[PDB]
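Trainee: Just passing along the structure, written as structure tokens.
Cβ sites come from the backbone with ideal geometry, for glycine too, and all protein chains shown count toward neighbours. Nothing in this text is a laboratory measurement; each read-out follows from the coordinates by a stated rule.
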Amino acid sequence: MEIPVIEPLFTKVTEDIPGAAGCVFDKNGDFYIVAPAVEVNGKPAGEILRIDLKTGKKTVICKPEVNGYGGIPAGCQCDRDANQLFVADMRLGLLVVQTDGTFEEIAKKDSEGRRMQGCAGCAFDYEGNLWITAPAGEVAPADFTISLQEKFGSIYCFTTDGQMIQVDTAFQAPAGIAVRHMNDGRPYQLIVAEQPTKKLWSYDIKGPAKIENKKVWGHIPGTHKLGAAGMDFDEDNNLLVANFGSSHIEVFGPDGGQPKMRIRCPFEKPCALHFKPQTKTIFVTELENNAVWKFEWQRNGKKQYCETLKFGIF
Ligand SMILES: [Mg+2]
Ligand SMILES: [Mg+2]
């Protein structure tokens, strides 16, 4: 059982973005990168940037900061009803960021009164609930910590009613995250990457912030220390998963298990992925060259929540 590999042509899009992680298309087809970077001394110096795709030129729209504590934004999703970005920050929690660069911190505490943990990945379901991974410890002003060895990583659901609910915990560095939907649009499965354990986990989604039947859903190949990072579904509900401790993007079928195909990259350390809406084009961030690339996949992406806005014919 050798896993078949393809080597499509990758094209460089932009470069020199230290930590280039989360990326997203907004409702105008503009492209954003979050850059969870620090300065030499270690002070957070996170950034959210917009990329001109015909030129690769970059524009910093936001340097998140709260009480002089800098952000480490890592993951991002675009909203549906308003063109605004929900941003998962490893120092600041969940931010909502306008295209005009202004932002709001969403929650200092969760629904049980606990201080919020720093967040990394997030995925809207089609009902507008945001599922979030939190591999960091408490948000600032607490000292930064990371569940790369100890199991204090957590999962949240930020519901359409405005509740920040912790739905599971005791993960070792949860990273990427995605929601599988049935053909009729109902959220069905939550998939969570547990980065250093090489596991992808699945839950049955029974409602807003109600998940159960947790199980190991997929295995990430590779012998290195870090496995899965970012992930996204294609329109057939194949899950593409950046394998950080490698030069590959893994492709799982709807049934999980072992990858049914691997995509070899011209670089190590793939981090985040995102389809361009209505195209087969996948954008990939990677931390060997701190750069962004694109390549063509075999079919279009699964529509993100922000693509599901509909309007009465009147
Ligand atoms: Mg649990
Ligand atoms: Mg993505």
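For (1) touching a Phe, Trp or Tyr at 6+ places or on another chain (Cβ under 8 Å); (2) more than 16 Å from ligand 1 (Cβ to nearest atom), each residue gets a yes or a no:
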{"position": "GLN163", "(1), (2)": "no, yes"}
{"position": "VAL167", "(1), (2)": "yes, no"}
{"position": "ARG180", "(1), (2)": "yes, yes"}
{"position": "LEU190", "(1), (2)": "yes, no"}
{"position": "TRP201", "(1), (2)": "yes, no"}
{"position": "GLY207", "(1), (2)": "no, yes"}
{"position": "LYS225", "(1), (2)": "no, yes"}
{"position": "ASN238", "(1), (2)": "yes, yes"}
{"position": "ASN243", "(1), (2)": "no, yes"}
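Trainee: Consider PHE10 against the criteria (1) surrounded by fewer than 22 Cβ atoms within 10 Å (Cβ to Cβ); (2) out of contact with any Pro (no Cβ under 6 Å at 6 or more places or on another chain); (3) within 23 Å of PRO266 (Cβ to Cβ); (4) not charged (D, E, K, R): it satisfies all of them except one. Which criterion is unmet?
Mentor: Condition not satisfied by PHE10: (2).
Trainee: Is one or more of the residues making up the range 130-150 crowded, with 17+ Cβ neighbours inside 10 Å, among the aromatic types (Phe, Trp, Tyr) and more than 16 Å from ligand 2 (Cβ to nearest atom)?
Mentor: yes
Trainee: From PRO270, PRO254, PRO259, which residue is within 22 Å of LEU287 (Cβ to Cβ) and more than 16 Å from ligand 2 (Cβ to nearest atom)?
Mentor: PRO259
Trainee: Search the range 115-163 for residues being under 16 Å from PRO73 (Cα atoms) and of a type in the set (S, T, N, Q), and hand back the single one that is farthest from the chain's Cα centre (by Cα).
Mentor: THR145
Trainee: Let me confirm something: among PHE171, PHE158, which residue is touching a strand residue (DSSP E or B) at 6+ places or on another chain (Cβ under 6 Å), more than 16 Å from ligand 2 (Cβ to nearest atom) and in contact (Cβ under 8 Å) with a residue 60 or more places away in the chain?
Mentor: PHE158
Trainee: If the Cβ limit is 9 Å and pairs must be 6+ apart or interchain, which residue in the range 95-107 that is on the phi < 0 side of the Ramachandran plot pairs with which residue that is exposed (fewer than 14 other Cβ atoms within 10 Å of the Cβ) and assigned to a strand (DSSP E or B)?
Mentor: Final answer for the pair search is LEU95/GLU104; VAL96/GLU104; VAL97/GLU104; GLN98/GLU104.
Trainee: Quick check: is even one residue across the range 146-154 assigned to a loop (DSSP other than H, G, I, E, B), more than 15 Å from ligand 1 (Cβ to nearest atom), touching a residue at least 40 places away in the same chain (Cβ under 8 Å) and of a type in the set (A, V, I, L, M)?
Mentor: Yes - at least one qualifying residue is present in the range 146-154.
Trainee: Shifting gears a bit: Restricting to the range 300-314, name every residue that is away from ligand 2 (no atom under 16 Å from the Cβ) and among the charged types (D, E, K, R).
Mentor: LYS310
Trainee: Name every residue in the range 13-48 that is surrounded by 13 or more Cβ atoms within 10 Å (Cβ to Cβ) and on the phi > 0 side of the Ramachandran plot, in order of residue number.
Mentor: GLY19
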